[PDB]
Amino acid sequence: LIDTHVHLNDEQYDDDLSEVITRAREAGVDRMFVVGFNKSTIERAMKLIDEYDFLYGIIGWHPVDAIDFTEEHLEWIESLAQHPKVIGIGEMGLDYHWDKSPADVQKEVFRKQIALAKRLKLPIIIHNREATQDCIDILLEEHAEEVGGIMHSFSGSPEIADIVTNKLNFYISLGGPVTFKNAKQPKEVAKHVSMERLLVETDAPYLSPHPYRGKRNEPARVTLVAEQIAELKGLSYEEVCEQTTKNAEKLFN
């Protein structure tokens, strides 16, 4: 089992990182993909991947911080990407919940990263918050299908899901929301989407799945996400772990 999207580089783990890692390790979580989307979070991610063998890095620039993105950050990320542990360019996309960065700048920075991924020949990890259509529109126009990737913690509909799996040959990743009771969409997506297109994550410290809602997430909780998807699709737990793992390795290597 792999946690394909985890912020171990977050400040909330300063004090107990090694223990958090260990608990995930003992629970069956073999590999984890740390996401650096900032100057600071990127540096932390690079350190962590050199620190732990089973830790891989995905680096890029978060849409919320699109205004801070400069040509120097672009070049910097480009050379950093040479690291054999950096397997994807990420947490790029659009986010309309915060206003730090206007939609205009976000789109620009988004396009630039897609071009970066193309040159680096690496898949992209997409962050989308309340900007679904604008986001798919850009992945189509820039021919993102050329690099492939993940619609991380997918917060849209199955109709949009098919667009991501059919036109774009992208995978869909689910986290805690799939265990939420009153939010039916994440579950409907879990059931609709082919097991050959799904991946699991926690995006910890955020969005803990039941029965830990309201508490800081931890990659070990990804087991709960797998469990729920197994029940939702009438599959075995072991089958889900193996399928999502097969998928992650095929997308990243």
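Each residue number is its position in the shown sequence, starting from 1.
Mean C-alpha B-factor is higher over 114-122 than over the other stretch, the pair under comparison being 114-122 and 170-178. A summary of the deposited B-factors shows that, of 31-39 and 47-55, the stretch with the larger mean C-alpha value is 47-55.
Out of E91, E71, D95, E108, the entry records its largest CA B-factor for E71. In the deposited entry, the Cα temperature factor of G214 sits in the top third of values across the chain's modelled residues. Sort the chain's modelled residues by C-alpha temperature factor and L1 lands in the middle third, per the entry. In this PDB entry, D65 carries a Cα temperature factor that places it within the lowest third of its chain's modelled residues. Residue-level temperature factors show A183 in the highest third of its chain, judged at the C-alpha atom.
Among the modelled residues of the chain, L8 sits in the lowest third by CA temperature factor in this PDB entry.
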